[PDB]
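*Asks:* Take a look at the following structure, please.
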Amino acid sequence: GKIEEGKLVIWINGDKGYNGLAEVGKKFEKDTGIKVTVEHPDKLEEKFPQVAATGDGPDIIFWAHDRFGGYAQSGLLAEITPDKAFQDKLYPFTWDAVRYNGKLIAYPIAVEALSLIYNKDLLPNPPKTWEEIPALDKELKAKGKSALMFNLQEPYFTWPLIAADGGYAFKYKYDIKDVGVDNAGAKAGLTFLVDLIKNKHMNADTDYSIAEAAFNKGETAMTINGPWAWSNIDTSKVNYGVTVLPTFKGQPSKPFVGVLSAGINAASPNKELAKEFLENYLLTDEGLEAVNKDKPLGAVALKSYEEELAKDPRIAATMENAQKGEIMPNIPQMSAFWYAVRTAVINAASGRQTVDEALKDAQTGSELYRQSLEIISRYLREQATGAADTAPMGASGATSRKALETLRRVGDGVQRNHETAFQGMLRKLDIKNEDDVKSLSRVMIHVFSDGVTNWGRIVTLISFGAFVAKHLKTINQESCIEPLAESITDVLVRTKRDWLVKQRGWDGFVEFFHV
Ligand SMILES: Cc1c(C(=O)O)n2c3ccc(Cl)c(c13)-c1c(nn(C)c1C)CSCc1cc(n(C)n1)CCc1cc(c3ccc(F)cc3c1)OCCC2
Ligand SMILES: OC[C@H]1O[C@H](O[C@H]2[C@H](O)[C@@H](O)[C@@H](O)O[C@@H]2CO)[C@H](O)[C@@H](O)[C@@H]1O
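Mapped onto the authors' numbering, the consecutive letters of the sequence shown carry residue numbers -196 to -25, -21 to 321.
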């Protein structure tokens, strides 16, 4: 329940230099008498938000920057306030990756991008194009080898191909309502991947460990991986090169670029020890060297140590691929986007869904929070004030508009028919201000998560929200309505994600209540 005072617990992914990080921990302990424990739990990026929401978890969490906006929005991260002298030691774009709602929410460590890694003894020159890989595989199969193996279980690895011909996550300012997962470009890329599998150039079951072992044993000519993998390749004594990813339809593969970052748990009683560790032990030439020697970091954020490593052709390749890619967003939706696309790739690769079916579901999943919030926020606000929002609905606007019209019909009926239960519960909850609204999340999840799933219960959730919003406006707390709508939306989408996607999201709602 409570994080222990007077020690540091650190979480980092099991593909990174955790033994090197522990060496930096030992240096810290030698100066201070404070013990540093480094752990690498499975699925730590999913475990962290669950444990931290209870006041528990590590003091420090390491992950790429994309997950940290979600954590910060949830109240799970301490604000970082390094002085100017410290801030100036790192590249400004790395600080930009860890800024959320104008606040620094983590320390940046290193820039990561995927590259094409190839065995010079099998393929002296790497392929410039994806399109030439089937013919290379045919050549290599006659030598008892194969052209390419990489992790097909994590969408981070397949994304560069999906993005190449025009797939995108959130259109870039970001337009969060503009998602590019089921467009022609995304379909072309994923169809190419699925055709590789159909034609027996790759196996849908290949994962990180299987691809790594095949490459490092000299069984496959190429893999796709990041700087952290280079240690194990060095140990293997494969004659490898690191290069630009192949093009698709003449266009570069576009890796999603990550900034490995270190956040401090909002519930830690060791925030000063954590800052001291991160600024004066880790983010130093010697600290980063200890970690980099274990598993390479990429292009480190620290100007002084990055200058020394920049002459490495493997780093040059990493940065070439990075320049062709895009820095990941850190918006809270990123977790949902990754879950949606992970499922789409796995299902398309296995034959569970067609490419069209798979990307349609991924588009729905990625759009779900924003579309749900549009509908709910508009209903609550128009209920409270008596007047509709004149602003355009935007992307998938017909669905939003029709869902709002449906909700007007069925939601107004629920508020009439359940006036007695609603008035009774409103009085018992005694909702007075924004603090009271913030306290609703836990109880709403409890009530709504229990029992059957159907559209009627979704209507009850939203309709009581409108009932509360009317109350809030009347008592001059209209500023609480948008936070209420965000809280309800979060409950809805977190608890019913898979069911909602199965219904075709809000189009299911509209069809369910037609006539
Ligand atoms: C049956 C019922 C359901 C359902 O089928 O799931 N929902 C209700 C929402 C409101 C009401 Cl009044 C009732 C329900 C209710 C009750 N009797 N009848 C006859 C009805 C119709 C009271 S028993 C259920 C209950 C409600 C609460 N608790 C602790 N328990 C208060 C905690 C709370 C809960 C919410 C909120 C949604 C928006 C919001 F701004 C604040 C919220 C606060 O939503 C829960 C999910 C929707
Ligand atoms: O596959 C989705 C996954 O992508 C990224 O995770 C990377 C991570 O950035 C790399 O440092 C390395 O560990 O490989 C991971 C892929 O297995 C995102 O950072 C992550 O949030 C997302 O779920």
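Ideal placement from N, C-alpha and C gives every residue a C-beta, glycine not left out.
1. Between which two residues does the alpha helix (DSSP H) containing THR226 stretch?
2. Looking at the unbroken beta strand (DSSP E) that takes in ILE(-18), where does it start and where does it end?
3. Return the first residue and the last residue of the beta strand (DSSP E) that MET140 is part of.
4. Note the first and the last residue of the continuous alpha helix (DSSP H) segment covering residue -23.
5. May I have the straight-line CA-CA distance separating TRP144 from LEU165, to the nearest angstrom?
6. Is the separation between the beta-carbon of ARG310 and that of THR170 shorter than 8 Å?
7. Looking at ligand 2, does it come within less than 7 Å of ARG303, judged from the CB to the closest heavy atom?
8. Using the Cα positions of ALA(-84) and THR26, report the straight-line distance between them to the nearest angstrom.
9. If we count Cβ pairs, one from each stretch, closer than 8 Å, do we get three or more for the segment -98 to -88 versus the segment 65 to 79?
10. Counting beta carbon pairs with one atom in the segment 119 to 129 and one in the segment -62 to -52, are three or more of them shorter than 8 Å?
11. Answer yes if the segment -83 to -70 comes into contact with the segment 45 to 52, meaning at least three C-beta pairs across the two stretches below 8 Å, and no otherwise.
12. Considering Cα atoms alone, identify which of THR(-68), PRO(-42) and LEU179 is closest to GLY56.
13. Counting C-beta neighbours from all protein chains within 10 Å, is the total for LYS60 16 or more, i.e. buried, or is it exposed?
14. What are the complete beta strand (DSSP E) segments, minimum 3 residues, inside the segment -8 to 78?
15. In whole angstroms, give me the CA-to-CA distance for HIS277 and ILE(-117).
16. Give every residue of the same chain whose Cβ lies closer than 6 Å to the Cβ of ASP(-12), excluding the five residues on either side of it in the sequence, and list them in chain order.
17. Ordered along the chain, which non-local residues of its own chain (more than five positions away) have a Cβ less than 7 Å from that of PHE228?
18. What are the start and end residues of the alpha helix (DSSP H) that includes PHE(-149)?
19. Could you spell out the range, first to last residue, of the beta strand (DSSP E) harbouring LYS(-26)?
20. Cutting at 8 Å between CB atoms, please list the residues of its own chain near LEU51, excluding the five before and the five after it.
21. If you run the structure through DSSP and keep just helix, strand and coil, what is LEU(-49)?
22. Over what stretch of residues does the alpha helix (DSSP H) that includes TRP(-102) continue unbroken?
23. I'd like to know whether the C-beta atoms of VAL151 and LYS(-7) end up nearer to each other than 8 Å.
24. Is the beta carbon of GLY(-177) less than 8 Å from the beta carbon of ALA96?
25. Judging by CA-CA distance, which residue of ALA35, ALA10 and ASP13 is the nearest neighbour of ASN22?
26. Quick check on this structure: which residue in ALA72, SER255 and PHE(-27) has the alpha carbon closest to the alpha carbon of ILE133?
27. Can you tell me whether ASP(-114) is buried or exposed, with buried defined as 16 or more other CB within 10 angstroms of its CB?
28. To the nearest angstrom, how far is the alpha carbon of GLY(-140) from that of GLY104?
29. For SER42, collect the residues of the same chain with a Cβ closer than 7 Å to its Cβ; drop the 5 residues on either side in sequence, then sort them by chain order.
30. Distance check for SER293 and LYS208, CA to CA, integer angstroms please.
31. Which whole-angstrom value describes the C-beta separation of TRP(-134) and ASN(-184), a residue pair presumed to lie in contact below a C-beta threshold of 8 Å?
32. Return yes when the C-beta of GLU18 is under 7 Å from any heavy atom of ligand 2, and no when it is not.
33. Given that a residue counts as buried once 16 or more other Cβ atoms are within 10 Å of its Cβ, and exposed if not, what is residue -23?
34. Three-state secondary structure (DSSP) at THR(-39)?
35. Return helix, strand or coil for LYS(-94), following the three-state DSSP convention.
36. When you compare the CB positions of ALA(-125) and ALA73, do they come within less than 8 Å of one another, or not?
*Replies:* To lay it out plainly:
1. 225 to 235
2. -19 to -14
3. No beta strand (DSSP E) holds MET140; the alpha helix (DSSP H) holding it covers 140 to 156.
4. Between -25 and -21 the numbering of the chain has a gap, and residue -23 falls inside it, with no coordinates.
5. 12 Å
6. Yes, Cβ-Cβ distance for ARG310 and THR170 is below 8 Å.
7. no
8. Approximately 21 Å, taken between the alpha carbons.
9. yes
10. no
11. By the Cβ test, the segment 45 to 52 is in contact with the segment -83 to -70, since at least three Cβ pairs between them sit closer than 8 Å.
12. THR(-68)
13. buried
14. 26 to 31, 46 to 49 and 62 to 70
15. 38 Å
16. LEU165, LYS166 and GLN169
17. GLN221, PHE270 and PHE273
18. -153 to -145
19. -29 to -26
20. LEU(-83), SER(-82), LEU(-81), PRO(-37), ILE30, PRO58, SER59, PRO61, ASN127 and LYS130
21. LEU(-49): strand per DSSP, three-state reduction.
22. -105 to -100
23. no
24. Yes, these two residues count as a Cβ contact at 8 Å.
25. Relative to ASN22, the option among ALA35, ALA10 and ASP13 whose CA is nearest is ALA35.
26. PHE(-27)
27. exposed
28. 27 Å
29. So the list reads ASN22, once near-sequence residues are dropped.
30. 22 Å
31. 7 Å
32. no
33. Coordinates for residue -23 are absent; the numbering of the chain skips from -25 straight to -21.
34. helix
35. strand
36. no
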